[PDB]
Amino acid sequence: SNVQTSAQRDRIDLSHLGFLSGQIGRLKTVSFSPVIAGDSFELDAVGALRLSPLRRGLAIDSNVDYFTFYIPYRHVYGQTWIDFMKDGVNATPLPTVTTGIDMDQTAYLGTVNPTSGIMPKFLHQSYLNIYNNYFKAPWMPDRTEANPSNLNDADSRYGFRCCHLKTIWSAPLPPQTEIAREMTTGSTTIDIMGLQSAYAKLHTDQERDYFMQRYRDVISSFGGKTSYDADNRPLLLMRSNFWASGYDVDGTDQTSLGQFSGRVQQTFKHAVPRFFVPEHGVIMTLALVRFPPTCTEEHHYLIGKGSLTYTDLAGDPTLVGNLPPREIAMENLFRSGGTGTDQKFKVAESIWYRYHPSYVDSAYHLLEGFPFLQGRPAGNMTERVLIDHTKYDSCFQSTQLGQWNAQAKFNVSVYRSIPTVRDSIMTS
Amino acid sequence: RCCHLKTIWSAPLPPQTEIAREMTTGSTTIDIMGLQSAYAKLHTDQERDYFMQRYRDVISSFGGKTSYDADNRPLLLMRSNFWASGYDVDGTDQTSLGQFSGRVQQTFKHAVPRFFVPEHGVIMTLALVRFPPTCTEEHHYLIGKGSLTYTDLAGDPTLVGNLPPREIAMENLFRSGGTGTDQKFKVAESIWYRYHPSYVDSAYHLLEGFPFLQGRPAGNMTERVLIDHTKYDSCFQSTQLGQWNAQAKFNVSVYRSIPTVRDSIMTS
Amino acid sequence: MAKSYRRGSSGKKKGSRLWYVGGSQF
Amino acid sequence: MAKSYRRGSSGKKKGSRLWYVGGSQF
Amino acid sequence: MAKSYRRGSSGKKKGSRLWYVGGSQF
Amino acid sequence: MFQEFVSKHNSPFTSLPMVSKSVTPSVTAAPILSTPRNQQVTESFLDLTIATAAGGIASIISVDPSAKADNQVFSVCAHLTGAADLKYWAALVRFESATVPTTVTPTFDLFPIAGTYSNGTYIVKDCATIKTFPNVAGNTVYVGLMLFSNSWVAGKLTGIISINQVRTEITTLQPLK
Amino acid sequence: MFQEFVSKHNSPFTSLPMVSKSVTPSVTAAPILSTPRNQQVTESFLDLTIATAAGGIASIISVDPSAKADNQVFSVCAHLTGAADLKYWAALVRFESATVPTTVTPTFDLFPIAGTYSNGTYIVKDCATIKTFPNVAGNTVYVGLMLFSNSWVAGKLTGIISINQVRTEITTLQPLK
DNA sequence: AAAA
DNA sequence: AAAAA
DNA sequence: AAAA
DNA sequence: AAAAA
DNA sequence: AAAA
DNA sequence: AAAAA
């Protein structure tokens with residue numbers, strides 16, 4: 001009888017609750033919401049973050065980060081998505097990915113794993129794109145797992161391991177750093193105009209080692225700019241940063257009179273400005289919890305080197321600003337550090353005059369309840385930069401909620417051109 | 001037992017919902033005026049399935065009204081709604097240093113405006129306590145369906161507002177949900193673009209102290225809508241006072257034409 | 001100690017009706 | 001109960017950049 | 001912490017006398 | 001007086017029927033009396049026939065892998081007795097295998113347990129903390145009670161044994177709450 | 001020093017008179033020494049004659065159905081002894097029937113109990129948590145102490161047994177309150 | 001031009 | 001946006 | 001005159 | 001003077 | 001006329 | 001009248 005061809009703008013409420021938990025230094029999705037082209041989106045999240053109960057009182061605060069991204073479906077499917085919308089009703093169904101059989105094999109995607117073992121691929125593919133563009137180190141290779149079932153238990157359960165806060169050892173110079181550059185002069189002659197050309201080519205190589213390892217960085221150096229559709233990267237909408245604090249509880253019985261237990265409870269807000277959605281896609285929110293990288297057995301570089309030369313100590317501007325980067329070992333910074341090839345990296349020529357490390361007294365070593373890196377970070381450069389959550393197990397009491405937990409309410413309001421429920425159920 | 005708060009599964013379309021309606025056209029001909037009459041009769045049937053299943057609803061659609069004596073229904077005087085909160089208590093001995101226990105204590109008021117009693121009868125007051133229906137193993141419909149077509153994902157207004165209601169299974173919404181006839185019901189054509197469910201992380205599953213529906217609501221549609229109090233036993237400590245208790249004072253004042261006690265006991 | 005994220009399961013409803021069960025239900 | 005010596009590991013940065021890893025890293 | 005519903009068993013008496021035991025009784 | 005609402009080894013609410021079987025103690029192939037089942041179990045025996053040999057026998061449960069936590073508490077309560085003296089002692093055992101086992105692996109870890117032993121009757125209500133994460137990926141950890149003797153005496157035994165894994169806690173009626 | 005105002009198995013304030021009777025242990029028809037009564041009970045025996053057989057005997061109470069709560073605590077204290085060794089062991093028992101029983105049903109649940117047993121003397125002051133809701137509607141749950149042996153020795157026994165159900169609590173004088 |  | 005507000 |  | 005101050 |  | 005006041 002009466003065929004409907006259009007719809008008014010209606011206020012849709014997409015508010016819901018979230019019960020979240022995770023580990024230290026792993027990225028995990030906490031909320032998502034699919035969107036349609038032409039929508040007007042707004043988000044506001046309010047909740048409280050908690051840590052597991054501590055073995056002692058409060059010593060060090062933790063840092064919490066919240067992120068929101070928008071990913072069009074065209075970035076995930078490509079040409080398949082283009083033909084999908086042009087065909088219309090008789091379009092081919094989109095491809096899928098395979099998941100595991102347990103209930104928690106997709107917890108990093110913020111959803112319960114369906115019993116069928118099959119789910120759409122836009123959440124898994126959007127997670128990889130975010131990680132490879134914003135969170136991993138620029139010099140390490142991309143993650144290219146095809147299906148969620150290809151991950152190990154740790155990655156699927158809690159998320160991918162992220163990088164420590166920047167320090168001398170956790171933010172070294174990239175591995176493709178050269179300390180020498182050779183030329184092909186003659187046996188008894190040299191071209192000096194050719195020498196000038198050699199320095200010019202070395203300057204462009206050093207630019208791409210320190211600043212420009214991505215395509216959008218190269219364009220930015222010329223003074224241009226690239227849209228997020230040019231390099232197929234997710235669009236960041238909002239970032240929030242805050243510190244979590246709490247209070248202490250005193251024991252009052254015979255045995256525990258004089259000891260204390262700390263609990264962390266912090267309220268937060270994450271507000272995203274109004275956004276106009278240009279195409280069909282998804283909007284995802286993620287969280288990250290980290291501690292400042294304090295190590296017990298770390299000392300000053302001048303203390304660790306022992307025998308000091310004029311270059312080390314004088315701080316002469318002519319020598320500091322004209323020498324190639326120096327290669328140092330982990331032994332020079334940590335007790336029992338290594339000397340082999342895997343314990344070697346390169347730093348600035350006089351970096352020790354621009355920072356001072358933190359000191360932990362030997363009375364605090366091997367003491368439960370203090371969030372510390374006991375000893376030194378182990379492994380090669382890749383394992384040294386990435387955070388390992390199992391090293392923080394000595395700070396918390398064992399519980400089923402991991403190392404941190406939160407409860408938040410996401411206030412989502414969208415203006416959508418969709419027919420009402422009454423229109424959908426009445427034939428005439 | 002009463003009904004859960006309205007959700008996609010706890011407030012489905014009524015079981016007498018049709019997705020097709022047949023006509024008796026000719027072998028090689030059709031009456032098109034008869035076709036117009038068929039749509040008119042279908043519209044009145046859909047009105048009585050979605051809106052008017054009681055007599056007073058049918059009268060209201062015409063623009064009239066019925067008194068509570070017409071259909072012999074009770075008269076509502078007042079309704080009150082509030083949320084109950086409390087605080088936490090901390091343990092301070094060796095074993096329980098670091099754990100907490102919550103207690104709920106909320107004061108309330110229920111005031112009824114002055115009422116003129118027209119006939120002999122009774123006035124009753126009742127109470128109801130419910131939790132929001134959060135289930136641990138519940139996921140998005142698009143996640144549960146897996147293979148997505150243009151109708152599911154595009155959100156095209158022409159298709160959304162002109163298609164019959166879709167029938168879905170419990171499997172598409174809950175882990176280990178069923179597929180048989182008793183696990184099937186009907187929803188709107190694009191209901192998943194008008195709401196978003198709550199997410200419970202797997203670390204909270206099978207953890208005592210959180211009021212949750214562990215897994216999925218079981219049973220047929222009748223057992224799915226009605227609340228079952230035995231599923232909340234894992235949230236409370238065992239006690240003789242059930243799951244909730246209250247202590248209230250009812251201030252009742254009435255103007256009555258009754259003789260005094262002195263009049264009733266003195267003969268003269 | 002916690003109002004918004006402990007009271008209710010969603011946001012305020014300012015829009016079209018979503019549920020139709022055949023009449024009033026409480 | 002303790003703000004300055006429990007929040008952060010150093011002071012505020014008002015000076016030249018110190019770390020160069022090849023791009024943005026979060 | 002609880003005044004009205006813990007103090008007394010009924011409301012205030014503004015009306016005719018109800019009890020007659022033969023005299024004062026305390 | 002007040003009630004002690006605090007105890008070790010909360011027991012399962014249902015018990016297996018009494019059975020009778022014959023076993024032979026072994027050092028490297030210690031037999032298992034029943035098919036292991038998830039978390040708690042309690043069983044009783046009418047006549048357990050033990051032949052003359054050296055080694056041990058065990059009653060085993062399968063550790064629940066959910067609620068990821070390496071350190072968990074396991075409890076035991078058993079009143080084994082008989083007509084003669086069989087010269088045995090008992091302790092907790094931990095081992096893991098890739099399939100459902102009918103015996104105990106040659107390599108295992110023992111945990112001391114303090115009970116009572118007058119002549120041939122053993123009674124204990126102890127508990128201990130044991131790691132639950134497997135050492136080799138793809139295996140399942142098994143925990144139980146093992147009775148060991150350097151030289152068993154031929155005879156028959158009867159009693160009851162109960163094992164529990166503390167992954168959750170049980171609530172009870174407290175009249176003053 | 002201070003008083004311990006905390007104990008297991010608060011005892012009834014009145015006890016039944018000492019009696020003497022003869023019973024025969026049974027596996028499927030275990031006899032009951034006395035007529036079950038509501039909640040707690042305590043009884044003593046001057047001479048309990050046991051014939052040579054296999055099975056058990058039990059002292060049973062009837063569970064109070066009021067104060068609806070599935071999980072409740074039951075306690076026991078008994079000092080049974082004799083002149084010879086009868087080679088027995090003990091545990092708690094749970095069963096239900098539609099009428100007042102004189103014996104124990106063939107199907108029952110056992111709960112481990114930790115006591116002391118030197119030669120033929122048994123002493124225990126333990127307690128446990130048992131479900132109280134009946135499995136089949138219209139039945140009454142029964143809980144008690146059962147003495148079991150795979151081969152009893154003919155003889156006579158004497159002692160005292162007390163059972164309690166923790167549905168309420170008892171107050172006592174605390175001088176510092 | 002750099003604190004890219 | 002790690003570095004008291 | 002009562003709500004004595 | 002039992003009936004929130 | 002519907003957000004009945 | 002489930003959706004901070």
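Convention: sequence-line order gives letters A, B, ...; per-chain numbering from 1. The figures here come from the full heavy-atom set of this structure, side chains too, leaving out hydrogens, waters and symmetry mates.
- For B/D263, taking side-chain heavy atoms from C-beta onward, the closest of the listed nucleotides L/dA3, J/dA3, M/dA3 is J/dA3.
- The side chain of A/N241 lies closest to I/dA2 when the candidates are L/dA4, K/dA3, I/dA2.
- For the pair A/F242 CZ and I/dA3 P, the interatomic distance rounds to 13 Å; values are reported in whole Å.
- The aromatic rings of A/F69 and A/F135 lie perpendicular to each other, with more than 60° between the two planes, well past the 30° mark.
- Comparing K/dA3, M/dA3, K/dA5 against the side chain of E/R7 picks out K/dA5 as the nearest.
- The base of J/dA2 sits with one of its N or O atoms less than 3.5 Å from a complementary donor or acceptor on the side chain of B/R262.
- For the pair A/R214 CZ and H/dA4 P, the interatomic distance rounds to 16 Å; values are reported in whole Å.
- For a distance-only test at 3.5 Å, the side chain of B/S61 fails to qualify as a donor-acceptor partner of the base of L/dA4.
- Distances shown here put every side-chain N or O of E/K13 at or beyond 4.0 Å from the OP1 or OP2 atom of K/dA2.
- In this structure, B/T66 contributes its side chain and B/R56 its backbone to no donor-acceptor pair below 3.5 Å.
- The OH atom of B/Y55 sits 22 Å away from the P atom of L/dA4 (whole-angstrom rounding).
- Two residues are said to be in side-chain contact when any heavy atoms from C-beta on lie closer than 4.5 Å; B/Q243 and B/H229 meet this criterion.
- As judged by a 4.0 angstrom heavy-atom cut-off over every strand, D/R6 is placed among residues making no nucleic acid contact.
- In this structure, C/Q25 atom CD and M/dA1 atom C1' are separated by 15 Å, rounded to whole Å.
- M/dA2 atom P lies 13 Å from atom CH2 of C/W19, rounded to whole Å.
- Here the P atom of nucleotide M/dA1 and the CZ atom of B/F108 are 21 Å apart, to the nearest Å.
- Stacking between L/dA1 and L/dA2 holds, as the six-membered ring centres sit under 5.5 Å apart and the ring planes differ by under 30°.
- Residue A/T420 is in sugar-phosphate contact alone, with no base atom involved, counting any heavy-atom pair closer than 4.0 Å across all strands shown.
- When the side-chain nitrogen and oxygen atoms of E/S4 are compared with OP1 and OP2 of K/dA4, one or more of them lie within a distance under 4.0 Å.
- Residue-level contact check: D/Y5 touches neither bases nor backbone, having no heavy atom under 4.0 Å from any strand.
- In this structure, OH of B/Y50 is placed 15 Å from P of L/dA3, rounded to the nearest angstrom.
- Taking 4.0 angstrom as the limit, A/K409 places none of its side-chain polar atoms (N or O) nearer than this to OP1 or OP2 of M/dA3.
- For the residue pair A/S413 / A/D13, no side-chain donor-acceptor distance below 3.5 Å is found, with atom types taken as modelled.
- For the residue pair B/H110 and B/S80, a side-chain donor N or O sits within less than 3.5 Å of a side-chain acceptor on the partner.
- Between D/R17 and H/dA4 there is a side-chain polar atom (N or O) within less than 4.0 angstrom of OP1 or OP2.
- Residue contacts shown for A/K166 include a base, since a base heavy atom lies under 4.0 Å away.
- If you check the side chains of A/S245 and A/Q266, you find no donor sitting under 3.5 Å from an acceptor.
- For the pair B/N251 CG and K/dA4 P, the interatomic distance rounds to 7 Å; values are reported in whole Å.
- On the basis of its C1'-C2'-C3'-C4' angle being positive, M/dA1 carries a north sugar.
- When the nucleotides L/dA3, I/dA2, K/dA2 are ranked by their closest atom to the side chain of E/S9, K/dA2 comes out on top.
- Of the candidates I/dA2, M/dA3, I/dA4, the closest approach to any side-chain atom of A/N63 belongs to I/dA2.
- Taking the six-membered ring where the residue is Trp, B/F210 and A/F19 present perpendicular rings, their angle passing 60° and hence far from 30°.
- Listed nucleotides: L/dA4, I/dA2, I/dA3. Nearest to the side chain of A/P292: I/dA2.
- The residue A/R11 sits close to a base: some heavy atom pair falls under 4.0 Å.
- If you check H/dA4, I/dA2, M/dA5 against the side chain of A/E207, the one that comes closest is H/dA4.
- Contacts of C/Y20 with the nucleic acid, taken as non-hydrogen atoms under 4.0 Å apart, involve only primed sugar atoms and P, OP1 or OP2.
- For B/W83 and M/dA3, the shortest distance from a side-chain N or O to OP1 or OP2 is below 4.0 Å.
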